[PDB]
Amino acid sequence: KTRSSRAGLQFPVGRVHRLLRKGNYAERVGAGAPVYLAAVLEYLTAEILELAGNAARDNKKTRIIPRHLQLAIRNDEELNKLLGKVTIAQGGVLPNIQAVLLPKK
Amino acid sequence: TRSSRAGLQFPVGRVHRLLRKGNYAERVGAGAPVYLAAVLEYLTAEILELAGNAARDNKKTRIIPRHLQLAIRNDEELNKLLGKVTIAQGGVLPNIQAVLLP
Amino acid sequence: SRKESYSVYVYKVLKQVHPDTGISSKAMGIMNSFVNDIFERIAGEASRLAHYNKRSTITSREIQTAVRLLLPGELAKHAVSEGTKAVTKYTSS
Amino acid sequence: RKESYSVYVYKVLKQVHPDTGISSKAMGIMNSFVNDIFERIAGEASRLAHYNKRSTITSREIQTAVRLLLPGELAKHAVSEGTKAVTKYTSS
Amino acid sequence: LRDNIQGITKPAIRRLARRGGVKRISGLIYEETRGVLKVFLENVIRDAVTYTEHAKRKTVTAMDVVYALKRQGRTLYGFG
Amino acid sequence: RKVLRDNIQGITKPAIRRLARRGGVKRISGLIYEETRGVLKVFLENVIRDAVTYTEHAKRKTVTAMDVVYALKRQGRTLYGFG
Amino acid sequence: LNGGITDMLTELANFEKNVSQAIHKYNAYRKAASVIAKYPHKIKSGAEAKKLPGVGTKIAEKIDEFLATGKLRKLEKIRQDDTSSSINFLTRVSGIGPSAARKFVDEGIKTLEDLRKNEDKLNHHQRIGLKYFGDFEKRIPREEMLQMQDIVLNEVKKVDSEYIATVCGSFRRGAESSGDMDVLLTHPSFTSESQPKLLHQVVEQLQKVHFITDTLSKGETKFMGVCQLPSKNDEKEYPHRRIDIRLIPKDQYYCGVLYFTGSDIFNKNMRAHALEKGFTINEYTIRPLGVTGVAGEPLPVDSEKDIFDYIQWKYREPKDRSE
Amino acid sequence: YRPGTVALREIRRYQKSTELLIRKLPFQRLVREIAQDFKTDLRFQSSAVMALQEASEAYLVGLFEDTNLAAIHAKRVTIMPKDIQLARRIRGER
Amino acid sequence: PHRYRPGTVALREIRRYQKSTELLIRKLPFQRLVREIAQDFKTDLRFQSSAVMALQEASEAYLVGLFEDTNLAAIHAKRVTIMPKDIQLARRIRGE
DNA sequence: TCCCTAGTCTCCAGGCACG
DNA sequence: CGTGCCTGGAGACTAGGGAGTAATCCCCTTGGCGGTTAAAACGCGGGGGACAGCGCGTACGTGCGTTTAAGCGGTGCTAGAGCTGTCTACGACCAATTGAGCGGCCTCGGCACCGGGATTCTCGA
DNA sequence: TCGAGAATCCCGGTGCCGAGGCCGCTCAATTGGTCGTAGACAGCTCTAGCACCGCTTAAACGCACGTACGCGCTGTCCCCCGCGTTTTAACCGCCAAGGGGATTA
């Protein structure tokens, strides 16, 4: 039985265990640490992917484009705090037009 | 001793043990601790020499944190080295804008 | 050589989230970079905590603390809920 | 003692300025500075070693990380002193 | 508690601004300053309590504050 | 096989205008181009010094993309996707 | 008295050389085989042969297994390997080495029939090697080698009386046979600080007299080809032999001839004697060695006896230069 | 005296000094108030309180220096809350 | 004759430069500048095409952030045209 | 594959750090 | 002013790193050449943003009388920080072992693109 | 406020390439053992965080009060935006020179 199935997860558990052991991060590595890390990765990936899918539905494109992911990341505030110092290649910027720059007459 | 063998001042064996217990790599070079101690001594020497210059600027024979902070702000390379580090009770470098002046 | 990435896991998760949504390979690489970034960040935080706690093991308590530290806002509160319950499964065979 | 380098700090201070004193707060600040520089250099070396996929910590990666960290003239002088120190340690 | 945010007095804020080299400060500054001070203090105290709870200790240590400040990117010297 | 110089003018005024409009500036003076070239040169030089150092520490002769990613993290930029 | 162990180690060394592409194993196996053949005693245990230098754990285990069972399981499995046998057979032809034979076996070419059928896939050197594969593998008798050396010397003297041609190697050492001819040539006008066509004139003279039959590569310093002594209009033609002629400076010709005279053990002994005498001896010249190991200006070289006296060693004839 | 002369004198006196200029008792009260939002009945070392106070002083000093720089950039002599928001946006805090 | 308003083609394409995600930097000049900058660090060093594209993208990101900061700065001074002094103030406020 | 030098334990001790 | 450990040097044991470069020929790599066409440079209104000065007013420093909370000197008093001694779960490690994952090779529609035609802003009057 | 016109959108149709989809082949997660030990846990001791109280004193708080500087008004001017025009370089393709690699000595 797979350990990720033993936890019910989708991201690989033993892969994370091997990475953590090879990561020279600590002298010893507990069992539930890979479970917690995989769960956090799954939650973050799901949150990003759902927003991306909503954006793509709003963008009427069946595939996910890097601009769609960037727009999703700019849409959420907690993700933006999480990824404020992260740049998305070919992701562009969210539409932000200055109110003073707006033309009025 | 090893610090005598290198001619430095910081305890080189202490640095070796700190690298060993830091869990930074599987194997640690023997001259790597020498190099790390040398770099630390170099940096400390420059910091202390600027500190002594600033202290004699203030005509005080004790190294003060305010003088240390003033030296750290006063050296361009040192300021860029430790720009995001704060010094307790060091104050700030006196800098009055010209526009504020009458 | 054989290159490792979370592409298959990402695809499975995406199907689990949006059953009828596609994704680009470049987007897959971006997702992989995000996953790697979170992995490295959490690992470094846990290692720093363990050195601060002077412990020689990486515990699930350190993972909970790391998630509480790095993750922001409501994402922090829900994820731990997803963690310990998942941890419960690891303790439920 | 909690594994401090204060004695080395005083020795080096007397080496540079034998006629001046230091505050205890200043000594602690210097100790924290030394610890922070050590940790920064060590993390840079470890990241370089993993990025270079080497399984050992060597003087080459120490020099590489130091050159990464230190500003120009400071990096030149520091690497020069480290090279001379390594020369003296290996030769003697 | 007892409007402790109001504990930062207007003359105290002026003293800090003069240490900050500010030549003239508006009246609305004294409240938004308190707000930002709370924001920084809250984002620091959260991490501090997190560290102390992971330490399973009933007292907040200063080294925990230093570690949190490094996690907040503000390296502080004067505590070890 | 012949080395060249004076490529800072390669960043044309139309290019600077396009980049600024992407940033969203309504009106730009002509002096912005020179200072923009200066800031771009400074940032690129800061990144490229660390990139060349990372390359040479790996004892390679080609500027690798993973090296660029490591440098961007060193400068605290951390662009994703590439590498 | 270790012929079988040396024979089984030679073919194992070929596997590391041409198939495994590991000279770091082939050279070690060859040195071990040379030492085993050099021991005039019966090998009974691998530990007994382990006393000899250059013999380690793998070699001792292989020798024990060969003595106990009469063969090696790895050797038996690699000999029956069709890919390995094809690669070894392909590498036997000149111009085909490890990568060449590996690519040929990868492309289905495994025998000389495929080599002849893929002449378009063989270069000029490869084509010459395939054409003279059998001829190159034969030994050259001392009479035929002396006749060809005399013919070459006559052609050189006709080309230039100031030209100096010396047949070094096993023939110079007095061996009754050699696999090829190695001529070291000089000219007084060709020195270390001094014509690119001097070798070209000699090559043209040798090819005109129908001595050299084919040319593999020709440069301003060395030329390599195939030459064969002519038959006297009634006997079978002599087999093709590989002839290489290298042009050397006047100040370097004596050192080059001394180095190429051999033998390897004699060259090593002379170099060791020179190094212990504070000198360095090379194929080009001999130089003094400093107190810090820094080599000085090379000493002038005009004869083998001068080089021998330079290292404070008695001059030895090439027949006595076995070791 | 002359308006500003006292201000500039106090400016120089604060820049020369190195004290905290913050009431330690109110700072402790505020820290406890914020800690009540995170974990009830917690203890704090006194040196930790002084360090947190000093860090707060540093953050406020940097923010105020940035605000004054912005005011000079905005051709204004009095520091206004708009300057504080501009700095916080430029500094990336929020 | 039908000339758009003096601030209307300016307002135009800003949305078009925000909706798009192209490089906006000529690749040949970017590679030339990259090679020029790297030669002063080391002669005869290779840069991968992927490396050049990534570096160009990173520079574009840094310039975009700086330009957005400068736009906000000009709005802070109730101005419309972006000035080099505003860029200097933005760089100082960032700390660079 | 063999080697040789450098990275580990370990193992006391004349001697540096400490209160 | 003893004194209390302690890394420094010396075995004892064990892992990466290099043990061969010259001589000649060939393929991949890279740098230059050329049309061309989008694109950058140039050039010229002009008008709209930048900017300088005037009026003012109100809000912020400024001096001063007052007070009240913060230090600041006590006082005690205990929650818990820290250190100690077991033992025990428990992570690490080893050796099969199989299957999730990976590399290679289709494929068929998602989606860019083009082109026309309908849509709707948009300057001008 | 319409209106010509020009930038935009939508729709149909087209062709092309990559997301996935499959399938054969492995080495990395699983099973199931051991074995030294990290820390878990109980337990004990001192200490510093409270916890409080009286005194002092100065930071602060509230208040007149002037004034200056923020701001809003104005004109005024010139710089850069828009539109057209003229090189031009980059760029894609299309070529040939040398760097690295091959065997072999």
# chains A, B, ... in the order shown; residues from 1 in each chain; ligands from 1

$ residues_around --residues "residue 74 in chain H" --least-positions-apart "6" --cutoff "10 Å" --atoms "only C-alpha atoms (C1' of nucleotides)" --output "count of residues only"
11

$ interface_residues --of "chain F" --to "chain K" --cutoff "9 Å" --atoms "only C-alpha atoms (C1' of nucleotides)" --output "list in words"
residues 1, 12, 13 and 14 of chain F

$ write_last_selection --atoms "C-alpha atoms" --output "PDB file, in the first residue's frame"
ATOM      1  CA  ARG F   1      35.305  37.096 -32.904  1.00  0.00           C
ATOM      2  CA  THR F  12      15.612  52.183 -27.632  1.00  0.00           C
ATOM      3  CA  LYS F  13      13.299  54.973 -26.540  1.00  0.00           C
ATOM      4  CA  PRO F  14      10.359  53.081 -28.093  1.00  0.00           C
TER       5      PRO F  14
END

$ select_by_dssp --residues "chain I" --states "strand (DSSP E)" --output "JSON, numbers by chain"
{"I": [46, 47, 81, 82]}

$ residues_around --residues "residue 8 in chain H" --least-positions-apart "6" --cutoff "9 Å" --atoms "only C-alpha atoms (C1' of nucleotides)" --output "PyMOL selection string"
(chain B and resi 96+100-101) or (chain E and resi 18+21+23)

$ residues_around --residues "range 1-11 of chain E" --least-positions-apart "5" --cutoff "9 Å" --atoms "only C-alpha atoms (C1' of nucleotides)" --output "count of residues only"
18

$ atom_distance --atom1 "CA of residue 35 in chain H" --atom2 "CA of residue 60 in chain C"
25.2 Å

$ residues_around --residues "range 76-80 of chain H" --least-positions-apart "4" --cutoff "9 Å" --atoms "only C-alpha atoms (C1' of nucleotides)" --output "list in words"
residues 99 and 100 of chain B; 22, 23, 24, 25, 26, 27, 28 and 29 of chain E; 64, 67, 68, 70, 71, 72 and 84 of chain H; 77 of chain I; 69 and 70 of chain L

$ residues_around --residues "residue 13 in chain C" --least-positions-apart "5" --cutoff "8 Å" --atoms "only C-alpha atoms (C1' of nucleotides)" --output "NGL selection string"
:A and (10-11 or 42 or 45-46)

$ residues_around --residues "residue 3 in chain B" --least-positions-apart "3" --cutoff "12 Å" --atoms "only C-alpha atoms (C1' of nucleotides)" --output "PyMOL selection string"
(chain B and resi 6-16+31+33-35+37-38+41) or (chain D and resi 8+85-86+88-89) or (chain J and resi 16) or (chain K and resi 7-8)

$ closest_atom_pairs --of "chain L" --to "chain I" --cutoff "10 Å" --atoms "only C-alpha atoms (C1' of nucleotides)" --output "tab-separated table"
residue	atom	partner	partner_atom	distance
L:4	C1'	I:2	CA	9.8
L:5	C1'	I:2	CA	8.4
L:6	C1'	I:2	CA	9.3
L:7	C1'	I:12	CA	9.9
L:80	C1'	I:81	CA	9.6
L:81	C1'	I:6	CA	5.7
L:82	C1'	I:6	CA	6.4
L:83	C1'	I:3	CA	7.3
L:89	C1'	I:28	CA	9.7
L:90	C1'	I:28	CA	6.8
L:91	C1'	I:28	CA	8.7

$ write_last_selection --atoms "N, CA and C atoms (P, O5', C5', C4', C3', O3' and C1' of nucleotides)" --output "PDB file, in the first residue's frame"
ATOM      1  P    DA L   4     -22.276  59.894 -41.043  1.00  0.00           P
ATOM      2  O5'  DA L   4     -20.726  59.888 -41.431  1.00  0.00           O
ATOM      3  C5'  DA L   4     -20.022  61.120 -41.518  1.00  0.00           C
ATOM      4  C4'  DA L   4     -18.515  60.911 -41.445  1.00  0.00           C
ATOM      5  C3'  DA L   4     -17.970  59.719 -42.213  1.00  0.00           C
ATOM      6  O3'  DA L   4     -16.692  60.048 -42.740  1.00  0.00           O
ATOM      7  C1'  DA L   4     -17.693  59.387 -39.848  1.00  0.00           C
ATOM      8  P    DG L   5     -15.804  58.950 -43.505  1.00  0.00           P
ATOM      9  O5'  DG L   5     -14.863  58.373 -42.355  1.00  0.00           O
ATOM     10  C5'  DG L   5     -14.269  59.265 -41.424  1.00  0.00           C
ATOM     11  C4'  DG L   5     -13.556  58.506 -40.324  1.00  0.00           C
ATOM     12  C3'  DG L   5     -12.929  57.181 -40.751  1.00  0.00           C
ATOM     13  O3'  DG L   5     -11.721  57.002 -40.052  1.00  0.00           O
ATOM     14  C1'  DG L   5     -14.359  56.802 -38.973  1.00  0.00           C
ATOM     15  P    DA L   6     -10.621  55.955 -40.569  1.00  0.00           P
ATOM     16  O5'  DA L   6      -9.486  56.046 -39.452  1.00  0.00           O
ATOM     17  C5'  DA L   6      -9.759  56.721 -38.230  1.00  0.00           C
ATOM     18  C4'  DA L   6      -9.905  55.733 -37.089  1.00  0.00           C
ATOM     19  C3'  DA L   6      -9.158  54.413 -37.282  1.00  0.00           C
ATOM     20  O3'  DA L   6      -8.515  54.052 -36.079  1.00  0.00           O
ATOM     21  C1'  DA L   6     -11.394  53.985 -36.759  1.00  0.00           C
ATOM     22  P    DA L   7      -7.201  53.131 -36.109  1.00  0.00           P
ATOM     23  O5'  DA L   7      -7.317  52.269 -34.770  1.00  0.00           O
ATOM     24  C5'  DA L   7      -7.553  52.920 -33.533  1.00  0.00           C
ATOM     25  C4'  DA L   7      -8.462  52.086 -32.652  1.00  0.00           C
ATOM     26  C3'  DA L   7      -8.004  50.643 -32.437  1.00  0.00           C
ATOM     27  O3'  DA L   7      -8.162  50.288 -31.070  1.00  0.00           O
ATOM     28  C1'  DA L   7     -10.210  50.666 -33.263  1.00  0.00           C
ATOM     29  P    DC L  80       9.595  66.065 -22.429  1.00  0.00           P
ATOM     30  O5'  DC L  80       8.497  64.927 -22.207  1.00  0.00           O
ATOM     31  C5'  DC L  80       7.139  65.290 -21.985  1.00  0.00           C
ATOM     32  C4'  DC L  80       6.252  64.841 -23.135  1.00  0.00           C
ATOM     33  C3'  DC L  80       6.785  63.664 -23.958  1.00  0.00           C
ATOM     34  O3'  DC L  80       5.703  62.896 -24.451  1.00  0.00           O
ATOM     35  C1'  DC L  80       6.437  65.470 -25.360  1.00  0.00           C
ATOM     36  P    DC L  81       4.974  61.773 -23.561  1.00  0.00           P
ATOM     37  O5'  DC L  81       3.469  61.875 -24.072  1.00  0.00           O
ATOM     38  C5'  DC L  81       3.078  63.044 -24.765  1.00  0.00           C
ATOM     39  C4'  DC L  81       1.804  62.832 -25.558  1.00  0.00           C
ATOM     40  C3'  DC L  81       1.637  61.471 -26.193  1.00  0.00           C
ATOM     41  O3'  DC L  81       0.272  61.317 -26.562  1.00  0.00           O
ATOM     42  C1'  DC L  81       2.265  63.049 -27.837  1.00  0.00           C
ATOM     43  P    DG L  82      -0.253  60.032 -27.371  1.00  0.00           P
ATOM     44  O5'  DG L  82      -0.531  60.601 -28.837  1.00  0.00           O
ATOM     45  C5'  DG L  82      -1.499  61.629 -29.018  1.00  0.00           C
ATOM     46  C4'  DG L  82      -1.569  62.073 -30.469  1.00  0.00           C
ATOM     47  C3'  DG L  82      -1.673  60.947 -31.492  1.00  0.00           C
ATOM     48  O3'  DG L  82      -2.529  61.343 -32.544  1.00  0.00           O
ATOM     49  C1'  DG L  82       0.253  62.229 -31.932  1.00  0.00           C
ATOM     50  P    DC L  83      -3.185  60.238 -33.505  1.00  0.00           P
ATOM     51  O5'  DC L  83      -2.535  60.542 -34.925  1.00  0.00           O
ATOM     52  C5'  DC L  83      -2.651  61.833 -35.486  1.00  0.00           C
ATOM     53  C4'  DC L  83      -1.564  62.053 -36.508  1.00  0.00           C
ATOM     54  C3'  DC L  83      -1.356  60.879 -37.467  1.00  0.00           C
ATOM     55  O3'  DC L  83      -1.642  61.276 -38.793  1.00  0.00           O
ATOM     56  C1'  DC L  83       0.713  61.727 -36.635  1.00  0.00           C
ATOM     57  P    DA L  89      20.910  50.736 -37.569  1.00  0.00           P
ATOM     58  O5'  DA L  89      20.700  49.465 -36.626  1.00  0.00           O
ATOM     59  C5'  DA L  89      19.558  49.385 -35.780  1.00  0.00           C
ATOM     60  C4'  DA L  89      18.865  48.031 -35.890  1.00  0.00           C
ATOM     61  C3'  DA L  89      19.780  46.810 -35.911  1.00  0.00           C
ATOM     62  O3'  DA L  89      19.081  45.691 -35.369  1.00  0.00           O
ATOM     63  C1'  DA L  89      18.566  46.849 -37.872  1.00  0.00           C
ATOM     64  P    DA L  90      19.300  45.244 -33.842  1.00  0.00           P
ATOM     65  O5'  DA L  90      17.900  44.588 -33.427  1.00  0.00           O
ATOM     66  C5'  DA L  90      16.744  44.805 -34.235  1.00  0.00           C
ATOM     67  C4'  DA L  90      16.129  43.491 -34.697  1.00  0.00           C
ATOM     68  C3'  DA L  90      16.880  42.234 -34.287  1.00  0.00           C
ATOM     69  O3'  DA L  90      16.060  41.099 -34.481  1.00  0.00           O
ATOM     70  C1'  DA L  90      17.074  42.478 -36.561  1.00  0.00           C
ATOM     71  P    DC L  91      14.874  40.684 -33.481  1.00  0.00           P
ATOM     72  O5'  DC L  91      13.893  39.903 -34.468  1.00  0.00           O
ATOM     73  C5'  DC L  91      13.809  40.329 -35.835  1.00  0.00           C
ATOM     74  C4'  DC L  91      13.992  39.166 -36.799  1.00  0.00           C
ATOM     75  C3'  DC L  91      14.664  37.926 -36.214  1.00  0.00           C
ATOM     76  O3'  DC L  91      14.179  36.784 -36.883  1.00  0.00           O
ATOM     77  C1'  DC L  91      15.910  38.649 -38.004  1.00  0.00           C
TER      78       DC L  91
END

$ select_by_dssp --residues "chain F" --states "alpha helix (DSSP H)" --output "ChimeraX atom specification"
/F:13-23,32-57,65-74

$ write_last_selection --atoms "N, CA and C atoms" --output "CSV table (one decimal), in the first residue's frame"
chain,number,residue,atom,x,y,z
F,13,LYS,N,14.4,54.2,-27.2
F,13,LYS,CA,13.3,55.0,-26.5
F,13,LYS,C,11.9,54.3,-26.8
F,14,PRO,N,11.6,53.8,-27.9
F,14,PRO,CA,10.4,53.1,-28.1
F,14,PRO,C,10.2,51.9,-27.1
F,15,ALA,N,11.3,51.2,-26.9
F,15,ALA,CA,11.3,50.1,-26.0
F,15,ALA,C,11.0,50.6,-24.6
F,16,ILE,N,11.7,51.6,-24.1
F,16,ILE,CA,11.4,52.2,-22.8
F,16,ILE,C,10.0,52.6,-22.7
F,17,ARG,N,9.5,53.3,-23.7
F,17,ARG,CA,8.1,53.7,-23.7
F,17,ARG,C,7.1,52.6,-23.6
F,18,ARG,N,7.4,51.5,-24.3
F,18,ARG,CA,6.5,50.3,-24.2
F,18,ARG,C,6.6,49.7,-22.8
F,19,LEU,N,7.8,49.6,-22.3
F,19,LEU,CA,7.9,49.0,-20.9
F,19,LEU,C,7.2,49.9,-19.9
F,20,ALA,N,7.3,51.2,-20.0
F,20,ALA,CA,6.6,52.1,-19.1
F,20,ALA,C,5.1,52.0,-19.2
F,21,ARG,N,4.6,52.0,-20.5
F,21,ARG,CA,3.2,51.8,-20.7
F,21,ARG,C,2.7,50.5,-20.1
F,22,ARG,N,3.5,49.5,-20.2
F,22,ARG,CA,3.1,48.2,-19.5
F,22,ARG,C,3.1,48.5,-18.0
F,23,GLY,N,4.0,49.2,-17.5
F,23,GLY,CA,3.9,49.7,-16.1
F,23,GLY,C,2.8,50.6,-15.9
F,32,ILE,N,13.9,60.3,-18.8
F,32,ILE,CA,13.7,59.0,-18.2
F,32,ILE,C,14.5,57.9,-18.8
F,33,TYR,N,14.8,58.1,-20.1
F,33,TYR,CA,15.4,57.0,-20.9
F,33,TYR,C,16.9,56.8,-20.4
F,34,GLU,N,17.6,57.8,-20.1
F,34,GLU,CA,19.0,57.7,-19.7
F,34,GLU,C,19.1,57.1,-18.3
F,35,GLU,N,18.3,57.6,-17.3
F,35,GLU,CA,18.3,57.0,-16.0
F,35,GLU,C,17.7,55.6,-16.0
F,36,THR,N,16.8,55.3,-16.8
F,36,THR,CA,16.3,53.9,-16.9
F,36,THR,C,17.3,53.0,-17.4
F,37,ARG,N,18.1,53.4,-18.4
F,37,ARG,CA,19.2,52.7,-18.9
F,37,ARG,C,20.2,52.4,-17.8
F,38,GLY,N,20.5,53.5,-17.0
F,38,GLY,CA,21.4,53.3,-15.8
F,38,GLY,C,20.9,52.3,-14.8
F,39,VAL,N,19.7,52.4,-14.4
F,39,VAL,CA,19.1,51.5,-13.4
F,39,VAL,C,19.1,50.1,-14.0
F,40,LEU,N,18.8,49.9,-15.2
F,40,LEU,CA,18.8,48.6,-15.8
F,40,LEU,C,20.2,48.0,-15.9
F,41,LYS,N,21.2,48.9,-16.2
F,41,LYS,CA,22.6,48.4,-16.2
F,41,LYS,C,23.0,48.0,-14.8
F,42,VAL,N,22.6,48.8,-13.8
F,42,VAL,CA,23.0,48.5,-12.5
F,42,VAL,C,22.5,47.1,-12.0
F,43,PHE,N,21.2,46.9,-12.3
F,43,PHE,CA,20.5,45.7,-11.8
F,43,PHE,C,21.1,44.5,-12.6
F,44,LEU,N,21.3,44.7,-13.9
F,44,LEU,CA,21.8,43.6,-14.7
F,44,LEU,C,23.3,43.2,-14.3
F,45,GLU,N,24.1,44.3,-14.0
F,45,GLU,CA,25.4,44.0,-13.6
F,45,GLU,C,25.5,43.3,-12.2
F,46,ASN,N,24.6,43.7,-11.3
F,46,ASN,CA,24.5,43.1,-10.0
F,46,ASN,C,24.2,41.6,-10.1
F,47,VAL,N,23.2,41.3,-11.0
F,47,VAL,CA,22.8,39.9,-11.2
F,47,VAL,C,24.0,39.2,-12.0
F,48,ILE,N,24.6,39.8,-12.9
F,48,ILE,CA,25.5,39.1,-13.8
F,48,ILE,C,26.8,38.8,-13.1
F,49,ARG,N,27.2,39.6,-12.1
F,49,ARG,CA,28.4,39.3,-11.4
F,49,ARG,C,28.2,38.1,-10.6
F,50,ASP,N,27.1,38.0,-9.9
F,50,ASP,CA,26.8,36.7,-9.1
F,50,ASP,C,26.6,35.5,-10.0
F,51,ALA,N,26.0,35.8,-11.2
F,51,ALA,CA,25.9,34.7,-12.1
F,51,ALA,C,27.2,34.1,-12.6
F,52,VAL,N,28.1,35.0,-13.0
F,52,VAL,CA,29.4,34.5,-13.4
F,52,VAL,C,30.2,33.9,-12.3
F,53,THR,N,30.0,34.4,-11.1
F,53,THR,CA,30.6,33.7,-9.9
F,53,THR,C,30.1,32.3,-9.7
F,54,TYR,N,28.7,32.2,-9.8
F,54,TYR,CA,28.1,30.8,-9.7
F,54,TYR,C,28.6,29.9,-10.8
F,55,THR,N,28.7,30.4,-12.0
F,55,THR,CA,29.2,29.6,-13.1
F,55,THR,C,30.6,29.1,-12.8
F,56,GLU,N,31.5,30.0,-12.5
F,56,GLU,CA,32.9,29.7,-12.3
F,56,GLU,C,33.1,28.8,-11.1
F,57,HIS,N,32.3,28.9,-10.0
F,57,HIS,CA,32.4,28.0,-8.9
F,57,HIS,C,32.0,26.6,-9.3
F,65,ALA,N,21.3,28.4,-16.9
F,65,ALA,CA,20.0,29.0,-16.4
F,65,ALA,C,19.8,28.7,-15.0
F,66,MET,N,20.1,27.5,-14.5
F,66,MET,CA,20.0,27.3,-13.1
F,66,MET,C,20.9,28.2,-12.2
F,67,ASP,N,22.0,28.5,-12.8
F,67,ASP,CA,22.9,29.6,-12.1
F,67,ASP,C,22.2,30.9,-12.1
F,68,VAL,N,21.4,31.3,-13.1
F,68,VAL,CA,20.7,32.5,-13.1
F,68,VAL,C,19.6,32.5,-12.1
F,69,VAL,N,18.9,31.3,-11.9
F,69,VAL,CA,17.9,31.2,-10.9
F,69,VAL,C,18.5,31.3,-9.5
F,70,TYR,N,19.7,30.7,-9.3
F,70,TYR,CA,20.3,30.8,-8.0
F,70,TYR,C,20.7,32.3,-7.7
F,71,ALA,N,21.2,33.0,-8.8
F,71,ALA,CA,21.5,34.4,-8.6
F,71,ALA,C,20.3,35.2,-8.3
F,72,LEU,N,19.2,35.0,-9.0
F,72,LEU,CA,18.0,35.7,-8.7
F,72,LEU,C,17.5,35.5,-7.3
F,73,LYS,N,17.6,34.3,-6.8
F,73,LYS,CA,17.3,34.1,-5.4
F,73,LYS,C,18.3,34.8,-4.5
F,74,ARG,N,19.6,34.8,-4.9
F,74,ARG,CA,20.5,35.5,-4.1
F,74,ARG,C,20.2,37.0,-4.0

$ closest_atom_pairs --of "chain K" --to "chain G" --cutoff "12 Å" --atoms "only C-alpha atoms (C1' of nucleotides)" --output "tab-separated table"
residue	atom	partner	partner_atom	distance
K:18	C1'	G:24	CA	9.4
K:19	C1'	G:24	CA	7.3
K:20	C1'	G:23	CA	10.3
K:22	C1'	G:222	CA	11.1
K:23	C1'	G:222	CA	8.2
K:24	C1'	G:217	CA	6.9
K:25	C1'	G:217	CA	9.2
K:26	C1'	G:123	CA	9.9

$ interface_residues --of "chain A" --to "chain L" --cutoff "12 Å" --atoms "only C-alpha atoms (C1' of nucleotides)" --output "MDAnalysis selection string"
chainID A and resid 1:4 6 12:19 27:30 62:64

$ write_last_selection --atoms "C-alpha atoms" --output "compact mmCIF listing (two decimals), in the first residue's frame"
# COMPACT_ATOMS: atom_id res chain seq x y z
CA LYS A 1 0.00 0.00 0.00
CA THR A 2 1.25 3.46 -0.91
CA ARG A 3 1.77 5.79 2.02
CA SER A 4 0.03 8.63 0.19
CA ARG A 6 -2.55 5.34 3.39
CA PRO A 12 3.82 11.60 -3.50
CA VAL A 13 4.74 10.91 0.11
CA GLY A 14 7.83 8.73 -0.18
CA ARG A 15 9.27 11.08 -2.78
CA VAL A 16 9.01 13.83 -0.17
CA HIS A 17 10.62 11.52 2.38
CA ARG A 18 13.56 10.87 0.05
CA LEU A 19 13.90 14.58 -0.71
CA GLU A 27 19.91 14.75 11.59
CA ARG A 28 16.65 12.77 11.82
CA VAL A 29 13.31 13.00 10.02
CA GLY A 30 10.02 11.94 11.58
CA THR A 62 -9.64 25.51 -21.95
CA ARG A 63 -5.92 25.25 -21.20
CA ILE A 64 -4.19 27.08 -18.36

$ interface_residues --of "chain I" --to "chain F" --cutoff "7 Å" --atoms "only C-alpha atoms" --output "ChimeraX atom specification"
/I:10-11,14,17-18,24-25,29,32-33,36-38,41,45-48,50-51,54,59,64,67-68,71,80-84

$ atom_distance --atom1 "CA of residue 82 in chain D" --atom2 "CA of residue 39 in chain B"
6.2 Å

$ atom_distance --atom1 "CA of residue 36 in chain A" --atom2 "CA of residue 36 in chain C"
15.2 Å

$ closest_atom_pairs --of "chain H" --to "chain K" --cutoff "9 Å" --atoms "only C-alpha atoms (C1' of nucleotides)" --output "tab-separated table"
residue	atom	partner	partner_atom	distance
H:1	CA	K:62	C1'	7.6
H:2	CA	K:62	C1'	8.8
H:3	CA	K:61	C1'	6.3
H:4	CA	K:61	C1'	7.4
H:6	CA	K:62	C1'	8.6
H:7	CA	K:61	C1'	8.0
H:23	CA	K:70	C1'	7.0
H:24	CA	K:70	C1'	8.1
H:25	CA	K:70	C1'	6.9
H:26	CA	K:70	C1'	8.6
